[PDB]
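J.: The following block contains the structure, expressed as structure tokens.
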Amino acid sequence: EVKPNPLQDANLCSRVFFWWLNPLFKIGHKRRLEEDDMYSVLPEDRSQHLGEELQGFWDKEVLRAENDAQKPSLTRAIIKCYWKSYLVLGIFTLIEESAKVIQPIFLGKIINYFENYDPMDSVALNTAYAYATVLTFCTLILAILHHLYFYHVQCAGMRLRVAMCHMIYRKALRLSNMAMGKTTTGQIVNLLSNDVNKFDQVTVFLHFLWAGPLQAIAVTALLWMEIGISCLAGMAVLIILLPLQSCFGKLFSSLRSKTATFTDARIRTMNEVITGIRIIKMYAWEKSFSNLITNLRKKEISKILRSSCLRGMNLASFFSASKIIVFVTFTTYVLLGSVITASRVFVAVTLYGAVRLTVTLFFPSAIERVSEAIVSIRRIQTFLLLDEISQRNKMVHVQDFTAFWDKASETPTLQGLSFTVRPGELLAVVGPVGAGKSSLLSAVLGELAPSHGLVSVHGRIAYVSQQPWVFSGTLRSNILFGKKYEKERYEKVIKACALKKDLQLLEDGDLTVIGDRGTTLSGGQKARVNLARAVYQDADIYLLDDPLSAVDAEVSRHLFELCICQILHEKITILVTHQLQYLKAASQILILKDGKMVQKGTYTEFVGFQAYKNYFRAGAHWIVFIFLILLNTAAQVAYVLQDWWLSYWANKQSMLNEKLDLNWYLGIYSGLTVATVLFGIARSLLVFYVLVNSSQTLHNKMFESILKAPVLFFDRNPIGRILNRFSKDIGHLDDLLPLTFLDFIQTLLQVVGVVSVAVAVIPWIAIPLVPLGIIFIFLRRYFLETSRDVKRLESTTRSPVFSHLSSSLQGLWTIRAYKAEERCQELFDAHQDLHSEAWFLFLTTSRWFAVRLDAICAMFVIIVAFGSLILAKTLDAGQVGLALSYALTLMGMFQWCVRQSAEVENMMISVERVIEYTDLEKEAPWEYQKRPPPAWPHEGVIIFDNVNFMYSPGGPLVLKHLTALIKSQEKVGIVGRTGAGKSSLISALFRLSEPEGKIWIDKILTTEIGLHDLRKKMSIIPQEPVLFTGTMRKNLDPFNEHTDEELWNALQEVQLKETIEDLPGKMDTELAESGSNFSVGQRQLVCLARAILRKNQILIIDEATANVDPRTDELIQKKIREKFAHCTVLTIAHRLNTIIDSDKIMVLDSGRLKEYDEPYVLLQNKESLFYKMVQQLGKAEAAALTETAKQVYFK
Ligand SMILES: CC(C)CCC[C@@H](C)[C@H]1CC[C@H]2[C@@H]3CC=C4C[C@@H](OC(=O)CCC(=O)O)CC[C@]4(C)[C@H]3CC[C@]12C
Ligand SMILES: CC(C)CCC[C@@H](C)[C@H]1CC[C@H]2[C@@H]3CC=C4C[C@@H](OC(=O)CCC(=O)O)CC[C@]4(C)[C@H]3CC[C@]12C
Ligand SMILES: CC(C)CCC[C@@H](C)[C@H]1CC[C@H]2[C@@H]3CC=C4C[C@@H](OC(=O)CCC(=O)O)CC[C@]4(C)[C@H]3CC[C@]12C
Ligand SMILES: CC(C)CCC[C@@H](C)[C@H]1CC[C@H]2[C@@H]3CC=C4C[C@@H](OC(=O)CCC(=O)O)CC[C@]4(C)[C@H]3CC[C@]12C
Ligand SMILES: CC(C)CCC[C@@H](C)[C@H]1CC[C@H]2[C@@H]3CC=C4C[C@@H](O)CC[C@]4(C)[C@H]3CC[C@]12C
Ligand SMILES: CC(C)CCC[C@@H](C)[C@H]1CC[C@H]2[C@@H]3CC=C4C[C@@H](O)CC[C@]4(C)[C@H]3CC[C@]12C
């Protein structure tokens, strides 16, 4: 075996305790686990086996259904396959759910030992140990045997998930090209990614659909025997708790849905502000986007906070419902005139405890998961019933062939087509873009069926598609593509077809792994790989669609002459080509246009304590956390005292011969119930408020740091990386961490309550509770080191299986051409059961911890049950009833506590990422105490005095010693090769990084004044304009400093007025994302309007119109000269015609101011590097440039 699996050889006890898995933890404690450490899946769990199995039942179901004249039901097929195995796990559900019910009955019988206690009855003591021992076996069933069962019901979901994944991939290969229109590739991946994933969860609780209500009937029958008619008072609260949970849960969903719209609006604006952060800074618009996020955040956080009250009250109801259920029972019980006894009390408390979880959690969750599983099942059935290609389909022959991609009143896509080619004949296909193009080849493949006329083909086909598709796998396999390896032929297609030219190097040999997994090849390599695949498949019919666009022309001749011609001289070849050498080499040419055959013939016709402290001490003062701790402990103290009082009341009743003052005992009992409920909600709401206020503050600080972060930070960090902290990390802080943190500390205090009643009742239990505490701490670490690794392995192995369907579904015509559907299926199965073994580790690692984590819980129950009974003369029925009623509760709480403490830790990593972006470095303050006057650029003189510029501290000097004077209103051109420093001069002038040296503007040193004092008072037209979402008004003036008349006038000057007046909102017309409603040229017209509106005396133009069509270029250039004649203008240009008439040109080379003079005085020096750059144009317009400069300076 490749990776032996110990579960095949495991003894019954070995797999009950998951003892077979211990060596994995030995390894993962020492090393990081890798995919080679995973155990291979069991043979019955292979994706091939599971998917092939379910196809049999689904095939029969489709056959059965049509014989019955009915719709197929995939739910019937799924049941037919799995029902016989999954009902056998129902036997243990009956055994386990009756152990939940029989614990309370034997609890009562051990308590009856204390109620009737006399120390001399040795027979009674022995009988009490029998009840304690049966209570232990019931406890061990719930603790030890539950987990082997729970592993099996989880495998039943994996087997359904893996079988369905195989089925839908097998179908995905078979989809008709019409069905590939009705469905997006992203939707079919969504089946694998989201819908089939529902089947893991459905089988966890599917047995509670029957075991849930059946247990309620059993518990109510026993409560009637225990408590009589008064049991309906508690069961009413249990049952009525179901509609309230569901109804208020639906209300929570409405707020959840209304929150997301503000979240997405915020994140979209975040995407815009981060991507545009460099131009936003140069405009000094951070205050605009600051308000916009602040408003979107206040709306979002209000509904987050309001939604958190429902989740706070949901947890508060789950906490305190146990108190109300037993209150209304025992209030009714005693008012009806039955006295409180300790045995009948704590049997009832335990019976309500047993059934509350099934009624209020497992049964409604079973319904919810089965509801949305059936959604997925029918959703996938719609896909499984999509249309398919005719399932079974040397010459290829075509006459009158007429076909449609879809039937329409339009022209056919291909019509009248008539050609026929014999062994060795080659046809070139020629036409404009969209003329018919690849569709003729698609017709030979049979991807278009004949609607009229006929085609036929005999022998095998090879197909080098226009898109160079390659599957994720070894290059060797990409060439073999499901045909067997042969040394001679494979070496022939790599030696004689000299792939070695670009494969002996930069590829690590031919065993390199191609595709989405990595090593991603350029398109030219894939085309040769696809052609080499075609040569290796060595087909009789041979279709080339576009090898030649991908490879270079030098490779093209080698590729065509030495292989396509010499090897395929007898093979029936069709070649779509634009390289005329191959057109002439063809035996015939087919010319087509818009699906019409124009001409046919031969060419001869022509996380430590610091993170928790900084998370907590960010939304509440430490005085609140003192009061918050008091609410938490008071909630749990009152929770336990509500049960202690009932044992005290039972003890006080026990000594009467007279009656108890029922007003007083029932009155305090009602006060304790009110206390635990009111402290329950108060605790839960204050936690949620403090932690949601913590995310409010951490966001405000994080966002504030991002706007004031220097541009260097945005260059080092990708746009997606910064966005993820605003999308995902703060997402956790807003709506999942405060829930998990409350649920943790809510349950944590429940565990402390359970173990402190036991120590308070039996103080000796604290001695065997220190070994258990130490064991659990080591166990948790010893687990977590391996658990985090298999969690990482599992998450990493998913993306291959989704990626394989995505790329395979993109390559359907290639896959079907070679008939490699079996080979591509096996590749999916290999990826599907690489994950299935990572998921197998996920299931069994979790259950290895849980069985041990429940072993210490069951050990605690045994110590209490037997220590209460060894020390029986010390205790009394109320104390023993209390301590045992609680010990039995530990099982489900302590495992959940530990399963909500790693989620807290795994989410606090997002908090430290949010805190990381809170302490970013800041650029200089936007406004220093020294400020310019309201009229500061009075002359617009700019002086660079020995200016040095670096983009990074300690980076290479990009500007060197640059020293230049720019006179008032002077127009300065900046020219240079790429990297000469043109754009770096702007970054120095706007102080996007701090320049070394001094930049003076109007005698004011630009490094003394604030960044908004400097950046507002200079206008820039960038090369790549950004239009933000929102109104045209907000894109022209987000501060409303200008009147609508001024805005319309500026829009008229840039000729946008008519276009914008035609918009249905005029100035309040909402622009689409990035201004996609406008062309790139139009976007710069908006920027020119921005510059015109600001009326700054300094305008900087950075290669702006080089992205722009000549007519709009002429418009922008004309308007700049007209409107900014009185301004100092710095124009960086690539087209010298646009600046040849400047007053001066700064010439940059390699970051140095090589020349700075009047353009003609430059060109009058024939040795100037301006003159060289002009002569490098190679065009007579260089003379016109020289004359154009000369004619300026006489004036
Ligand atoms: C004493 C014991 C044996 C009683 C057994 C209980 C059954 C009589 C009932 C109780 C809960 C019912 C289930 C409750 C909810 C659902 C989900 C529901 O599915 C949906 O509503 C979503 C799919 C759709 O209907 O479109 C209908 C089936 C099912 C499994 C019901 C099937 C029949 C169940 C198991
Ligand atoms: C931090 C805030 C929420 C205060 C929490 C304090 C509690 C931990 C303390 C305060 C008063 C204590 C109680 C004071 C009095 C009693 C009565 C006492 O009952 C008797 O002594 C008579 C019956 C018997 O013989 O035990 C049992 C302990 C108990 C409940 C104590 C349990 C612990 C309590 C609730
Ligand atoms: C609400 C929480 C956070 C505060 C913790 C203490 C309380 C829950 C109080 C409420 C009722 C109190 C009990 C009420 C009555 C008694 C009986 C009392 O014994 C008597 O016989 C009193 C006779 C009398 O003086 O009238 C001893 C204290 C005790 C257990 C009190 C202990 C403290 C209790 C449980
Ligand atoms: C005397 C015992 C029973 C303890 C009392 C505890 C109080 C101090 C707790 C109980 C409920 C808590 C409140 C629960 C709800 C809110 C509303 C919350 O405001 C909103 O959620 C508004 C949302 C919106 O604007 O839509 C701010 C915290 C606050 C006042 C909490 C502050 C602390 C309160 C008042
Ligand atoms: C398998 C199901 C029922 C859950 C597990 C409960 C099993 C372990 C329980 C259910 C009923 C129990 C029996 C009920 C009563 C008695 C009498 C007493 O002197 C103890 C032993 C004996 C004979 C019990 C043995 C254990 C027992 C069979
Ligand atoms: C909430 C956390 C932080 C601390 C645990 C507080 C609660 C659970 C603890 C604190 C003091 C404990 C009480 C101390 C003494 C007694 C008397 C005993 O004869 C029965 C139990 C009883 C009544 C205990 C019940 C549990 C108790 C109230």
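Each chain of the structure tokens is named A, B, ... in the order shown, its residues numbered from 1; ligands are numbered from 1 in display order.
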Using only C-alpha atoms, which residues sit within 10 Å of segment 620-626 of chain A once same-chain residues fewer than 5 positions away are excluded, as a PyMOL selection string?
T.: chain A and resi 615+631+686-687+689-691+693-694+697
J.: At a cut-off of 7 Å, using only C-alpha atoms, what residues contact residue 460 of chain A? Leave out same-chain residues fewer than 2 positions from it and give the result as JSON, numbers by chain.
T.: {"A": [458, 462, 539, 540, 541]}
J.: Have a look at A:392, A:847, A:1034, A:1190 and name the one nearest to residue 292 of chain A; count only C-alpha atoms.
T.: A:1034
J.: Could you tell me, counting only C-alpha atoms and all ligand atoms, which protein and nucleic acid residues lie no more than 7 Å from ligand 6, written as an mmCIF file with C-alpha atoms, in the first residue's frame?
T.:
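Output (part.cif):
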```cif
data_model
loop_
_atom_site.group_PDB
_atom_site.id
_atom_site.type_symbol
_atom_site.label_atom_id
_atom_site.label_comp_id
_atom_site.auth_asym_id
_atom_site.auth_seq_id
_atom_site.Cartn_x
_atom_site.Cartn_y
_atom_site.Cartn_z
ATOM 1 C CA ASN A 632 -20.924 36.279 35.139
ATOM 2 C CA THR A 633 -20.263 34.770 38.573
ATOM 3 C CA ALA A 634 -23.617 35.992 39.938
ATOM 4 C CA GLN A 636 -23.670 30.995 37.772
ATOM 5 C CA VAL A 637 -23.902 31.343 41.570
ATOM 6 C CA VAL A 640 -26.418 26.631 41.235
ATOM 7 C CA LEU A 641 -28.169 28.096 44.286
ATOM 8 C CA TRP A 644 -29.074 23.943 46.009
ATOM 9 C CA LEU A 749 -18.557 28.741 34.232
ATOM 10 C CA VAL A 752 -16.770 25.302 37.271
ATOM 11 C CA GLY A 753 -20.250 25.101 38.782
ATOM 12 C CA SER A 756 -17.450 23.156 42.668
ATOM 13 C CA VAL A 757 -20.697 21.567 43.870
ATOM 14 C CA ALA A 760 -18.346 21.627 48.215
ATOM 15 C CA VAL A 761 -20.311 18.414 48.799
ATOM 16 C CA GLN A 879 -26.201 17.025 48.832
#
```
J.: Would you mind listing the residues within 12 Å of ligand 5, counting only C-alpha atoms and all ligand atoms, as an mmCIF file with N, CA and C atoms, in the first residue's frame?
T.:
```cif
data_model
loop_
_atom_site.group_PDB
_atom_site.id
_atom_site.type_symbol
_atom_site.label_atom_id
_atom_site.label_comp_id
_atom_site.auth_asym_id
_atom_site.auth_seq_id
_atom_site.Cartn_x
_atom_site.Cartn_y
_atom_site.Cartn_z
ATOM 1 N N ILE A 91 -29.529 1.450 15.693
ATOM 2 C CA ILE A 91 -29.565 0.588 16.870
ATOM 3 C C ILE A 91 -28.784 1.205 18.022
ATOM 4 N N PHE A 92 -27.606 1.764 17.746
ATOM 5 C CA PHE A 92 -26.876 2.432 18.818
ATOM 6 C C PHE A 92 -27.530 3.742 19.237
ATOM 7 N N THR A 93 -28.205 4.436 18.319
ATOM 8 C CA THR A 93 -28.959 5.621 18.720
ATOM 9 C C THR A 93 -30.027 5.266 19.745
ATOM 10 N N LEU A 94 -30.654 4.101 19.594
ATOM 11 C CA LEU A 94 -31.624 3.652 20.585
ATOM 12 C C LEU A 94 -30.941 3.301 21.901
ATOM 13 N N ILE A 95 -29.809 2.600 21.827
ATOM 14 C CA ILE A 95 -29.049 2.246 23.025
ATOM 15 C C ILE A 95 -28.552 3.494 23.745
ATOM 16 N N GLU A 96 -27.991 4.444 22.996
ATOM 17 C CA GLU A 96 -27.457 5.654 23.611
ATOM 18 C C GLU A 96 -28.559 6.536 24.189
ATOM 19 N N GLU A 97 -29.625 6.773 23.425
ATOM 20 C CA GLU A 97 -30.703 7.643 23.889
ATOM 21 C C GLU A 97 -31.513 7.043 25.030
ATOM 22 N N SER A 98 -31.497 5.723 25.198
ATOM 23 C CA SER A 98 -32.077 5.129 26.397
ATOM 24 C C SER A 98 -31.137 5.189 27.594
ATOM 25 N N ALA A 99 -29.823 5.121 27.371
ATOM 26 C CA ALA A 99 -28.879 5.395 28.453
ATOM 27 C C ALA A 99 -29.023 6.815 28.990
ATOM 28 N N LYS A 100 -29.295 7.786 28.114
ATOM 29 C CA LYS A 100 -29.605 9.137 28.576
ATOM 30 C C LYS A 100 -30.810 9.161 29.504
ATOM 31 N N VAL A 101 -31.781 8.291 29.258
ATOM 32 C CA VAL A 101 -33.000 8.233 30.053
ATOM 33 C C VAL A 101 -32.869 7.359 31.302
ATOM 34 N N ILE A 102 -32.021 6.336 31.266
ATOM 35 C CA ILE A 102 -31.889 5.413 32.389
ATOM 36 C C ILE A 102 -30.923 5.894 33.480
ATOM 37 N N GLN A 103 -29.956 6.746 33.151
ATOM 38 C CA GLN A 103 -29.193 7.466 34.173
ATOM 39 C C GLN A 103 -30.074 8.140 35.231
ATOM 40 N N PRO A 104 -31.038 9.003 34.868
ATOM 41 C CA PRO A 104 -31.917 9.583 35.902
ATOM 42 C C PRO A 104 -32.632 8.580 36.796
ATOM 43 N N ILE A 105 -33.073 7.442 36.260
ATOM 44 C CA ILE A 105 -33.806 6.476 37.073
ATOM 45 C C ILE A 105 -32.904 5.829 38.120
ATOM 46 N N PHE A 106 -31.673 5.483 37.748
ATOM 47 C CA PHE A 106 -30.721 4.945 38.715
ATOM 48 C C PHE A 106 -30.091 6.010 39.602
ATOM 49 N N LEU A 107 -30.016 7.256 39.136
ATOM 50 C CA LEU A 107 -29.727 8.363 40.040
ATOM 51 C C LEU A 107 -30.726 8.413 41.193
ATOM 52 N N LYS A 109 -32.469 5.995 42.483
ATOM 53 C CA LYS A 109 -32.290 4.840 43.359
ATOM 54 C C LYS A 109 -31.053 4.924 44.249
ATOM 55 N N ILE A 110 -29.960 5.535 43.788
ATOM 56 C CA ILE A 110 -28.860 5.816 44.710
ATOM 57 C C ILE A 110 -29.228 6.918 45.704
ATOM 58 N N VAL A 123 -26.799 -4.822 53.287
ATOM 59 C CA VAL A 123 -27.507 -5.228 52.075
ATOM 60 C C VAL A 123 -27.943 -4.010 51.272
ATOM 61 N N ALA A 124 -28.420 -2.968 51.957
ATOM 62 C CA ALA A 124 -28.798 -1.739 51.267
ATOM 63 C C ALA A 124 -27.594 -1.076 50.614
ATOM 64 N N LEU A 125 -26.454 -1.056 51.308
ATOM 65 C CA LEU A 125 -25.250 -0.456 50.741
ATOM 66 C C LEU A 125 -24.790 -1.196 49.491
ATOM 67 N N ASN A 126 -24.810 -2.530 49.523
ATOM 68 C CA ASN A 126 -24.444 -3.301 48.338
ATOM 69 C C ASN A 126 -25.378 -3.004 47.173
ATOM 70 N N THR A 127 -26.674 -2.858 47.449
ATOM 71 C CA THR A 127 -27.629 -2.535 46.394
ATOM 72 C C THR A 127 -27.372 -1.147 45.819
ATOM 73 N N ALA A 128 -26.993 -0.192 46.669
ATOM 74 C CA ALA A 128 -26.644 1.142 46.194
ATOM 75 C C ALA A 128 -25.417 1.135 45.292
ATOM 76 N N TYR A 129 -24.450 0.253 45.553
ATOM 77 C CA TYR A 129 -23.324 0.108 44.635
ATOM 78 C C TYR A 129 -23.730 -0.512 43.304
ATOM 79 N N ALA A 130 -24.756 -1.363 43.288
ATOM 80 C CA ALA A 130 -25.261 -1.866 42.015
ATOM 81 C C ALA A 130 -25.845 -0.743 41.166
ATOM 82 N N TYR A 131 -26.610 0.153 41.786
ATOM 83 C CA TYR A 131 -27.129 1.327 41.089
ATOM 84 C C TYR A 131 -26.019 2.278 40.657
ATOM 85 N N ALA A 132 -25.037 2.519 41.526
ATOM 86 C CA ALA A 132 -23.873 3.306 41.130
ATOM 87 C C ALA A 132 -23.089 2.660 39.993
ATOM 88 N N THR A 133 -23.027 1.327 39.949
ATOM 89 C CA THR A 133 -22.293 0.659 38.879
ATOM 90 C C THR A 133 -23.063 0.665 37.561
ATOM 91 N N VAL A 134 -24.389 0.540 37.619
ATOM 92 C CA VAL A 134 -25.208 0.665 36.417
ATOM 93 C C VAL A 134 -25.196 2.098 35.896
ATOM 94 N N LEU A 135 -25.305 3.071 36.798
ATOM 95 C CA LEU A 135 -25.136 4.475 36.438
ATOM 96 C C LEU A 135 -23.791 4.735 35.766
ATOM 97 N N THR A 136 -22.749 4.012 36.177
ATOM 98 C CA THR A 136 -21.453 4.110 35.509
ATOM 99 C C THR A 136 -21.464 3.502 34.107
ATOM 100 N N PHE A 137 -22.061 2.320 33.935
ATOM 101 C CA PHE A 137 -22.171 1.747 32.594
ATOM 102 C C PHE A 137 -22.989 2.632 31.662
ATOM 103 N N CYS A 138 -24.084 3.208 32.157
ATOM 104 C CA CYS A 138 -24.817 4.189 31.363
ATOM 105 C C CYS A 138 -23.933 5.380 31.015
ATOM 106 N N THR A 139 -23.151 5.855 31.985
ATOM 107 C CA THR A 139 -22.208 6.944 31.747
ATOM 108 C C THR A 139 -21.136 6.572 30.725
ATOM 109 N N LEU A 140 -20.585 5.359 30.817
ATOM 110 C CA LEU A 140 -19.548 4.940 29.874
ATOM 111 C C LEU A 140 -20.088 4.775 28.456
ATOM 112 N N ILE A 141 -21.319 4.285 28.306
ATOM 113 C CA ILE A 141 -21.927 4.209 26.976
ATOM 114 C C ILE A 141 -21.994 5.593 26.345
ATOM 115 N N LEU A 142 -22.467 6.577 27.108
ATOM 116 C CA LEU A 142 -22.584 7.942 26.606
ATOM 117 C C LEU A 142 -21.225 8.582 26.355
ATOM 118 N N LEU A 145 -18.551 4.679 24.057
ATOM 119 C CA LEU A 145 -19.104 4.041 22.869
ATOM 120 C C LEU A 145 -19.769 5.029 21.921
ATOM 121 N N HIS A 146 -20.207 6.187 22.419
ATOM 122 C CA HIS A 146 -20.803 7.198 21.551
ATOM 123 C C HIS A 146 -19.890 7.599 20.402
#
```
J.: Using only C-alpha atoms and all ligand atoms, tabulate the residues of chain A lying at most 6 Å from any atom of ligand 4, each with its closest atom pair and that distance in Å to one decimal, by chain and increasing residue number, as CSV.
T.:
```
residue,atom,partner,partner_atom_place_in_ligand_line,distance
A:302,CA,ligand 4,24 (C),5.0
A:305,CA,ligand 4,21 (O),5.2
A:306,CA,ligand 4,23 (C),4.6
A:678,CA,ligand 4,3 (C),5.0
A:679,CA,ligand 4,3 (C),5.1
A:682,CA,ligand 4,10 (C),3.9
A:685,CA,ligand 4,14 (C),4.9
A:686,CA,ligand 4,33 (C),5.3
A:689,CA,ligand 4,28 (C),5.4
```
J.: Measuring between only C-alpha atoms and all ligand atoms, which one of A:674, A:174, A:395, A:975 shows the shortest distance to ligand 3?
T.: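 Comparing A:674, A:174, A:395, A:975 against ligand 3, the winner is A:674.
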J.: Which residues are close to residue 597 of chain A, i.e. within 8 Å by only C-alpha atoms, leaving aside same-chain residues fewer than 4 positions away? Reply as a list in words.
T.: residues 415, 416, 417, 590, 591, 592 and 593 of chain A
J.: Could those residues be written to a file, using N, CA and C atoms, as a short mmCIF file (atom, residue, chain, number, x, y, z; two decimals), in the first residue's frame?
T.:
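Written out: again_39.cif:
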```cif
data_model
loop_
_atom_site.label_atom_id
_atom_site.label_comp_id
_atom_site.auth_asym_id
_atom_site.auth_seq_id
_atom_site.Cartn_x
_atom_site.Cartn_y
_atom_site.Cartn_z
N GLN A 415 -23.05 27.37 -42.08
CA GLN A 415 -24.09 26.98 -43.02
C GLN A 415 -23.48 26.58 -44.35
N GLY A 416 -24.15 25.65 -45.03
CA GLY A 416 -23.77 25.21 -46.36
C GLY A 416 -22.41 24.55 -46.49
N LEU A 417 -21.73 24.33 -45.37
CA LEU A 417 -20.32 23.96 -45.42
C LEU A 417 -20.14 22.61 -46.10
N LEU A 590 -10.11 26.63 -47.35
CA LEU A 590 -11.49 27.07 -47.14
C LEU A 590 -11.49 28.49 -46.59
N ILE A 591 -12.15 29.40 -47.30
CA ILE A 591 -12.36 30.76 -46.83
C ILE A 591 -13.81 30.88 -46.38
N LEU A 592 -14.03 31.39 -45.18
CA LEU A 592 -15.37 31.56 -44.66
C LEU A 592 -15.53 32.92 -44.01
N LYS A 593 -16.77 33.41 -43.99
CA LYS A 593 -17.08 34.74 -43.47
C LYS A 593 -18.47 34.69 -42.86
#
```
J.: Using only C-alpha atoms and all ligand atoms, what are the residues with an atom within 8 Å of ligand 3, set out as a PyMOL selection string?
T.: chain A and resi 633-635+637-638+641-642+645+648+668+671-672+675-676
J.: The selected residues should be written to file as a compact mmCIF listing (two decimals), in the first residue's frame (atoms: N, CA, C and O atoms).
T.:
```
# COMPACT_ATOMS: atom_id res chain seq x y z
N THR A 633 -20.24 35.62 37.39
CA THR A 633 -20.26 34.77 38.57
C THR A 633 -21.62 34.79 39.27
O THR A 633 -22.08 33.75 39.76
N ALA A 634 -22.29 35.94 39.33
CA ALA A 634 -23.62 35.99 39.94
C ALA A 634 -24.63 35.17 39.16
O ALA A 634 -25.53 34.56 39.75
N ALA A 635 -24.53 35.16 37.83
CA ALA A 635 -25.40 34.31 37.03
C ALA A 635 -25.20 32.83 37.36
O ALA A 635 -26.17 32.08 37.52
N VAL A 637 -23.56 31.55 40.16
CA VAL A 637 -23.90 31.34 41.57
C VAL A 637 -25.41 31.18 41.75
O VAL A 637 -25.87 30.24 42.40
N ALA A 638 -26.19 32.09 41.17
CA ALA A 638 -27.65 31.97 41.25
C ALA A 638 -28.16 30.73 40.54
O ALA A 638 -29.16 30.14 40.95
N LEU A 641 -27.35 27.93 43.09
CA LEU A 641 -28.17 28.10 44.29
C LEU A 641 -29.64 27.82 44.03
O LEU A 641 -30.37 27.44 44.95
N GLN A 642 -30.11 28.02 42.80
CA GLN A 642 -31.48 27.64 42.48
C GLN A 642 -31.69 26.14 42.62
O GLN A 642 -32.79 25.70 42.99
N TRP A 645 -31.00 25.29 46.66
CA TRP A 645 -32.20 25.58 47.45
C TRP A 645 -33.20 24.45 47.39
O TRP A 645 -33.83 24.12 48.40
N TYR A 648 -31.85 21.92 49.60
CA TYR A 648 -32.03 22.40 50.97
C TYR A 648 -33.48 22.26 51.41
O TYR A 648 -33.76 21.72 52.49
N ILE A 668 -38.45 32.26 47.97
CA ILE A 668 -37.02 32.35 47.66
C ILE A 668 -36.69 31.57 46.41
O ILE A 668 -35.85 31.99 45.60
N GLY A 671 -37.37 33.73 43.67
CA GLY A 671 -36.37 34.78 43.58
C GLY A 671 -35.08 34.32 42.94
O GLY A 671 -34.48 35.03 42.14
N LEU A 672 -34.63 33.11 43.30
CA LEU A 672 -33.44 32.54 42.68
C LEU A 672 -33.64 32.26 41.20
O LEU A 672 -32.72 32.45 40.40
N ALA A 675 -33.42 35.60 39.60
CA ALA A 675 -32.04 36.05 39.61
C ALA A 675 -31.22 35.42 38.50
O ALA A 675 -30.53 36.12 37.75
N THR A 676 -31.27 34.09 38.36
CA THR A 676 -30.49 33.43 37.32
C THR A 676 -30.96 33.81 35.91
O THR A 676 -30.14 33.83 34.99
```
J.: Find the residues near ligand 1. Use a cut-off of 8 Å, count only C-alpha atoms and all ligand atoms, and write them as a VMD selection string.
T.: chain A and resid 209 to 214 217 366 to 368 370 to 375
J.: How would the residues just chosen look if you wrote them out with C-alpha atoms as a PDB file, in the first residue's frame?
T.:
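After the write, part11.pdb holds the following:
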```
ATOM      1  CA  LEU A 209     -35.830  12.827  13.569  1.00  0.00           C
ATOM      2  CA  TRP A 210     -37.248   9.691  15.205  1.00  0.00           C
ATOM      3  CA  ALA A 211     -35.102   9.445  18.356  1.00  0.00           C
ATOM      4  CA  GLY A 212     -35.821  13.057  19.309  1.00  0.00           C
ATOM      5  CA  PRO A 213     -39.596  12.831  19.745  1.00  0.00           C
ATOM      6  CA  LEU A 214     -39.389   9.214  20.931  1.00  0.00           C
ATOM      7  CA  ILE A 217     -42.370  10.585  25.027  1.00  0.00           C
ATOM      8  CA  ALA A 366     -31.838  17.716  12.694  1.00  0.00           C
ATOM      9  CA  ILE A 367     -34.838  19.370  11.022  1.00  0.00           C
ATOM     10  CA  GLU A 368     -32.754  22.335   9.853  1.00  0.00           C
ATOM     11  CA  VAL A 370     -32.440  17.828   6.704  1.00  0.00           C
ATOM     12  CA  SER A 371     -34.325  20.820   5.287  1.00  0.00           C
ATOM     13  CA  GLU A 372     -31.233  22.277   3.607  1.00  0.00           C
ATOM     14  CA  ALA A 373     -29.814  18.869   2.667  1.00  0.00           C
ATOM     15  CA  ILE A 374     -33.002  18.177   0.692  1.00  0.00           C
ATOM     16  CA  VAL A 375     -32.475  21.573  -0.943  1.00  0.00           C
TER      17      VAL A 375
END
```
J.: Tell me which of A:1153, A:79, A:650, A:1088 sits closest to residue 338 of chain A, counting only C-alpha atoms.
T.: A:650
J.: Which residues are close to residue 581 of chain A, i.e. within 10 Å by only C-alpha atoms, leaving aside same-chain residues fewer than 3 positions away? Reply as a PyMOL selection string.
T.: chain A and resi 557+560-561+577-578+584-586
